[PDB]
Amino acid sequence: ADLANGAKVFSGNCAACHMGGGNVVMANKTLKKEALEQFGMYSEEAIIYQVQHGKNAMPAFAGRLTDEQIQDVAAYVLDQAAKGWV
């Protein structure tokens, strides 16, 4: 993946909800590593899935973002989570 492209994707499409790695809609479902691991979401393929199909209040991004942008944002989120948010 292109992590830098991911970050741009994130900025425009994900951070209105996941501001600085949080979650303004459902405050237990953050992008922090510990949180992701609690729900079996700390993997590229898990995130790609979720971004593609949505879940509840999280919008689906299928055929709004390209395949490459969805891969790249997933890779960005895991890499930010691993480094630490904010």
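Numbering starts at 1 and follows the sequence shown.
The stretch 58 to 66 shows the higher mean C-alpha B-factor when 58 to 66 is compared against 72 to 80 in the entry.
In this PDB entry, the Cα temperature factor of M41 sits in the middle third of its chain's modelled residues. When all modelled residues of the chain are sorted by CA temperature factor, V25 is found within the middle third. When the modelled residues of the chain are ordered by C-alpha B-factor, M19 sits in the highest third.
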